[PDB]
There are 6 protein chains.
Amino acid sequence: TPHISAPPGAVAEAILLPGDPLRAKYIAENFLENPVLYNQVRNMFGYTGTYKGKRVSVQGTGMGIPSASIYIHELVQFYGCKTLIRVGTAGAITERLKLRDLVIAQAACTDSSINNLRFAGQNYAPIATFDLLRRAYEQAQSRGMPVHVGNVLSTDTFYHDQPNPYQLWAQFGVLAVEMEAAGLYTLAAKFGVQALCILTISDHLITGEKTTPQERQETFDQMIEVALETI
Amino acid sequence: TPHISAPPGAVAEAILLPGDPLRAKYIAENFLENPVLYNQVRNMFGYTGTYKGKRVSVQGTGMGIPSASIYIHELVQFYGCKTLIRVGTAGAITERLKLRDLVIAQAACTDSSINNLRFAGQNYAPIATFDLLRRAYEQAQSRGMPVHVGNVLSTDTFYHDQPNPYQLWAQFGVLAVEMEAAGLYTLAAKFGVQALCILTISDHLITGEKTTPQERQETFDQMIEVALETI
Amino acid sequence: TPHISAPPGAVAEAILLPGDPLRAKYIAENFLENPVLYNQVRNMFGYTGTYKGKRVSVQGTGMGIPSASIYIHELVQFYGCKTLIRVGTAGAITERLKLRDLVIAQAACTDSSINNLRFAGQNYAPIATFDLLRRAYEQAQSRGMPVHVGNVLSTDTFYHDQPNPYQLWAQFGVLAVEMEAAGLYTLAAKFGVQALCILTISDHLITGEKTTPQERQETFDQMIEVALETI
Amino acid sequence: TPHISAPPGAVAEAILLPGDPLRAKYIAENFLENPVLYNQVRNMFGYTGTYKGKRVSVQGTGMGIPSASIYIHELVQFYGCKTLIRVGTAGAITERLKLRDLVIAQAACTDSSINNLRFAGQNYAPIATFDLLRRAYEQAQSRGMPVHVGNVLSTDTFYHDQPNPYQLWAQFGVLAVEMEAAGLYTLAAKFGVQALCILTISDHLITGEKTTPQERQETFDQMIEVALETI
Amino acid sequence: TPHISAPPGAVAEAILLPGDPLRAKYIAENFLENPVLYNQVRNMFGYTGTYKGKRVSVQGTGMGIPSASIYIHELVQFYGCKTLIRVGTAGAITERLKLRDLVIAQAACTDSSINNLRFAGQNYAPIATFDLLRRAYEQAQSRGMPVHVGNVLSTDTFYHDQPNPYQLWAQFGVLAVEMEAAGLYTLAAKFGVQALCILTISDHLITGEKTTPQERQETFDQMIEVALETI
Amino acid sequence: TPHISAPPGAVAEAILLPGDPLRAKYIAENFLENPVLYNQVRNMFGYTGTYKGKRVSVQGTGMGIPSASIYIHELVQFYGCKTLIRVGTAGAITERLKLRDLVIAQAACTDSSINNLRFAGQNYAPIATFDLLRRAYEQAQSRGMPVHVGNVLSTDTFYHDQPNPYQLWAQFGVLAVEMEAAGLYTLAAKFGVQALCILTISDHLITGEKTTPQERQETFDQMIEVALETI
Ligand SMILES: [Mg+2]
Ligand SMILES: [Mg+2]
């Protein structure tokens, strides 16, 4: 494959998908037994290790739907991945959410043309695999984590033209903004595999607040634990 | 209100929403204590009764997003309804589903312009209220009913131009076709209320099969029981 | 059919199409000889009787393009209807129109996706059958009725977000708003049959004025008379 | 006014609109009393003369909505024109029409972006002023001319990328294709003035037949007569 | 060929394309040796003459993409034209441009549906043949003429519904507005032939300035020279 | 910035923009004097060094418009970059192009929503800064390099559903496919800065041919030399 150079059995069927290749490294080193790097092309780190005697992989996807789609396609179609859990950060767009809240994306809105191209002006809703969603939720519950299940926005545009770019979305119940989930949910459905996006609130886009570095790591770790128990 | 003529406290905050006004009558008469009709305008029957000492209403919506939107708007904005559960039939579009399967709509795709008008070519995903979804699922589980949680299509078009109209949708994991859920999910989110669509598979649009009348009533009743326990 | 349960001979070639099935009842009882009900499915009354020795049917369609298309499709394809006349009410969006004016829809604008889906972004203009339009206009003339012939908007959206939702339409000469005509006109052309939409202004959406129940009854009766003579 | 250089008053309220400036010359030289050329800018001939005691003007529009729009706008906004009748040829796209048939455009479909830009994906139907449509039809009737009243398509594209480009339009009852009507009807509505488009079938885009030069002049003469009597 | 009635061979491979047929006349009478009028159909003058030992033609296109497309198609497909250079005027939409500036269109933005229809909402960029763009620029440079190379907008709409209609285009670096370039560049690419659009600023749509008639002739002369040397 | 952690003075005004951060490393180490890393966030290497006594930076952008827009936005708005040159690889979609050809993007087509969101259905053409384009072309000439100047497609979609996904683009003269240029060109115009995209054909998407690692290295080096001389 042009983007992941690894032999065909190097990647586990269950895989975590941070955007940041360094977070992949971080996850492999801190939560997996015997993590072995399988990819370095474009610095996009991927590792395979074990969790409770089962193989788990972790692969950076980069930012945005076009980048993540590349890795997801290759993982599913070339490496046989079946359970794909994105673990990431998001910006909250409602005051009802607080920093360090966990968001489990039931579905993903988008401003990408990904589905407009294919459904030609009809509306396709990219969704999480229910069983995975339900599990993550109960895992988060058992740990007493503040968790919300609902809509996220997958945007192509981190930096906006004008202010209040997310006002309409929030008025329609969207919880948070990130850049990958709509791509993951769409491709998982196309391929008949199972997917979930879990997110940690790092920035509040309404209150202006941002978490401190240590606060991120603490809740990030919790998120990883949920993700691993969700598999 | 032009479409529901009832005094302001006649409708319960929790309400079931069949498309067929006669099914509303059927539900009120068979599952509620002391059902009292509150509306007859356009023959669109609505009733209020009790279930386990709590008020529940049941209101026919008619067919299609424009019709249902009218009633839903009036129920939420004029009558204070907060928990809205659509109970209906759907046509299966995947062989993985069988007749009499229960479908709980996690989200609703659409070919309506409802959201194109508002989001102007961006993609909004109308979704169920998670807590309601999760409850219905566990209720259905406890009864050993065959149940699927996932995507439905809310179409404007019952009768299609050409054959295989649902092939692309099915290839993207959509389970079943009906005509209201995308409207309900969108408006519930706009108003900040809670909503769920539960469906019974009456027709299989791939296998051509249709259920017998008695088979419908039997599984229909089960669906109503789930809906009532979901409130 | 799933929606009209009658033998193929029960429905006449010429049919009136109110939105309200109770107005179907009113029409049939007060204007047809020997009116006989042929449909009760979903409380959507349809009747067949005679006018001046010839059979005429009257069928409720429900509200909105998706509901009305179901009935229209079945009437044309399963029952052999060839002359379809919508009779209904509308809200005026221009001060030129006064309450109780008759509007004959020469064409129908829409915010529905019905044709966008079909003509992919090109513009199709749904129109009345000219011969019917001309005859209806002459019938209204002959009664000294204030009548306008022109554009109406068929909307999916009864309740609007923002104020002044119709001002652009009005600026472009659109007379009144209702919810079905674009559907009727598009399907009639698709099937090669004849259609017209006649409307009475029951509400003024600019002045906020409204008609008394007695007032709409009297002009409604006059409209029915026009429609019956147009057949 | 850049595109028409004439003093105010040199143009009559009532005006015929051929696409071809030389057909304008023909009209003024053969049907109008004391024709006076009021415009030569860009070879786009415009004349004023008299017909049966009233001034009538005739102005070439060029081909296409963008061209005709320029002239229509200036005529209406700068010169005070109130009644605008396009006279032209069209290609028939249904075998129902024979060569030399007269078509009176009740409405005009389009593949231009003229209204898409303005109504952002909502569908506006550009229509003829009913009074002119009605008078034109009666004029044709009493002359015994074969005449059809219905939809035309105003295309941006004379020469098409693929074959059978008019197949979908024809299936939805569209009669003929030309290039200006939708712009005329839209601008007339915008400006609150009156318009009609009358066309003779010079080409049959289905049978591949064409009229002889003698037949064109003959039926073209009849059309002008109808238009002048309609005006 | 309906729109140009000339024998094959009467038109040279290299051709200038003014919008105005009378500007074609001016070009042929002032710059070409032994100019011969080859077309009079619709007053759309087309000439062939010689320039420095080679045949050069000059053909009026009319205004707008639909009009120019007709001529461009016939010229290329029926007469064998290979090098097509539009020469015209434009309105400047940025204060960076002064009156009488020369603009060479590297690409052409548009609000026409020409490509939307073809690429269904994907974005195609119509561009100049680089070799002609490069030669035209060098010709202008050595004459010391103030010249800009960048985007123009080919609009369908001379007269706009609202004020500041070019504000967004200008913010994205668009230099000037005209009405044909995008059609020319698109058709040239489709046909595998070579094209350029060169324009002089006659109007400043920001400052509201205009050139005198003497200034127009002067800078227009320079433009033609550049074009003939580019060809 | 969230994505580039460097003080404002560490980045040069003139910057090269590979997609691959390892190619950023390669460029900096082999073509710049005193290369110094300024960024490691998300493994997206950026370096600053000198070329012929002047500072030049080199920054990985990642793949796709959304990823590259993040970097471009930050470089321009936070670091004061004014000359941005993308250097990358592309797949040829025409037989005219051969492996190892240099392509200089005069403009960039796209299937991204980036501009649709902004210009709502109108067509904006993202273009190169002409001065850079011209200089890069001359640099390539001077090395006897096979070079083409024209259109590229910036796609969101590396892996396609159907075969022959690029044939319409090619039929319209598009040379090659990559994933960033439309983003770069649009943002550079938005911000009033200067940009260019130079590409080497590493793959042929028609013949299915591919280059050896040695082959792409040698022509890649030549491209870098062109880019450095273009600054
Ligand atoms: Mg009669
Ligand atoms: Mg140098």
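Cut-off values and rules
- Each chain has its residues counted from 1 in the order its sequence is written, and this count may differ from the entry's own numbering; any residue lacking coordinates is left out.
- Lettering of chains starts at A and numbering of ligands starts at 1, both following the order in which they are written.
- Only hydrogens and water are removed before side-chain values are computed, so all heavy atoms of the structure are retained for them.
- Here the copies share a common frame obtained from a least-squares superposition of their C-alpha atoms.
- Note on contacts: a residue pair is in contact if any heavy atoms of the two residues lie within 4.5 Å.
- Accessible-area loss on putting two parts together, using a 1.4 Å probe and summing over both, is the definition of buried area adopted here.
- Basic side-chain nitrogens of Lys or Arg form a salt bridge, by our definition, when they fall within 4 Å of a carboxyl oxygen of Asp or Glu.
- Polar contacts, as used here, are pairs of N or O atoms within 3.5 Å; protein pairs need one atom able to donate a hydrogen and one able to accept it. Residues neighboring in sequence count only if both atoms are side-chain atoms.
- Numbered from the N terminus, helices here are DSSP runs of H or I no shorter than four residues, and strands are runs of E no shorter than two.
- For each residue, the accessible area found with a 1.4 Å probe, counting protein chains only, is set against the maximum for its type, and the residue is called buried under 20%, exposed over 50%, and partly exposed in between.
- Positive charges come from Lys and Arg, negative ones from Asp and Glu, while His and the chain ends are left out of the count.
- Lines fitted to C-alpha atoms define the axes, with helix axes restricted to the stretch in contact, and inter-axis angles between N-to-C directions lie between 0 and 180 degrees.
- In these notes the angle categories are as follows: under 35 degrees is roughly parallel, over 145 is roughly antiparallel, 65 to 115 is roughly perpendicular, and the rest is oblique.
- For this scheme, ten residues count as nonpolar: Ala, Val, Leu, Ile, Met, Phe, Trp, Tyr, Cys and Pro. Four count as charged, namely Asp, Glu, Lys and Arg, and the remainder, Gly too, count as polar.
- UniProt positions are given in the numbering used here, feature names are shortened, and annotations may be inferred rather than shown by experiment.

For this deposited structure, the header cites X-ray crystallography as the method used and 2.1600 Å as the resolution.

(A) Spatial organisation of the relation of the copies chain A and chain B. Between chain A and chain B, the superposition needs a rotation of 180° and an axial shift of 0.0 Å, giving an RMSD of 0.0 Å. In symmetry terms, the pair is related by a two-fold rotation axis. Every residue of chain A has its C-alpha some distance from the rotation axis, and the shortest such distance is that of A125 of chain A, at 2.4 Å. Comparing contact sets, 100% of the residues at the interface of chain A also lie at the interface in chain B, consistent with an isologous, same-surface contact.

(B) Spotlight on the interface of chain A and chain B. Taken residue by residue, the interface counts 34 residues in chain A and 34 residues in chain B. Both faces considered, chain A and chain B share a buried interface measuring about 3100 Å² in area, 63% of it formed by carbon and sulfur atoms. By the criterion of area lost to chain B, the three top residues of chain A are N123, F130 and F172 of chain A, representing 27% of everything that side buries. One can count zero salt bridges joining chain A with chain B. For the pair chain A and chain B, the interface holds 13 residue pairs in polar contact. Broken down by secondary-structure element, the contributors of at least two residues to the side of chain A that touches chain B are β6 (102-110), α3 (116-119), α4 (130-142), β7 (147-154), α5 (167-171) and α6 (181-191) of chain A.

(C) Structural detail: the side chain of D111 of chain E. Relative to the helices and strands, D111 of chain E is located in the loop between β6 (102-110) and α3 (116-119). For the buried residue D111 of chain E, which engages in no salt bridge, the nearest side chain bearing the opposite charge is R118 of chain D, 10 Å off. A polar side-chain atom of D111 of chain E sits 2.7 Å from a polar atom in the side chain of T155 of chain E.

(D) A look at the packing of α4 of chain A against helix α4 (residues 130-142) of chain B. Relative orientation of the contacting elements α4 of chain A and α4 of chain B amounts to 105°, with a least axis distance of 12 Å. Between α4 of chain A and α4 of chain B, the interaxial angle falls into the category roughly perpendicular. Residues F130, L133, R134, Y137 and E138 of chain A of α4 of chain A form the contact with α4 of chain B, whose participating residues are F130, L133, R134, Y137 and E138 of chain B. Looking at side-chain class alone, the contact of α4 of chain A with α4 of chain B contains six nonpolar, no polar and four charged residues.

(E) Representation of the UniProt feature "domain: Nucleoside phosphorylase" (unreviewed entry) in chain A. The UniProt feature table records "domain: Nucleoside phosphorylase" (unreviewed entry) at residues 15-225 of chain A. As a span, residues 15-225 of chain A carries 33% helix and 29% strand, and end to end its C-alpha atoms are 13 Å apart.

(F) Fine view of the interface of chain D and chain E. Taken together, the contact pairs 30 residues of chain D with 30 residues of chain E. For the chain D and chain E pair, buried surface summed over both sides reaches about 2800 Å², with 58% attributable to carbon and sulfur atoms. Broken down residue by residue, the surface that chain D buries against chain E is led by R42, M63 and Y159 of chain D, which jointly contribute 29%. The interface formed by chain D and chain E includes four salt bridges. The partner of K190 of chain D in a salt bridge is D161 of chain E, and the shortest N-O contact between them spans 2.8 Å. Applying the counting rule to chain D against chain E returns nine residue pairs in polar contact. Elements that contribute at least two residues to the side of chain D that touches chain E include exactly α1 (21-31), α2 (65-77) and α3 (116-119) of chain D. Sorting elements by how many residues they give to the side of chain D that touches chain E places α2 of chain D first, with six residues. Here the residues of the side of chain D that touches chain E sort into 13 nonpolar, nine polar and eight charged.

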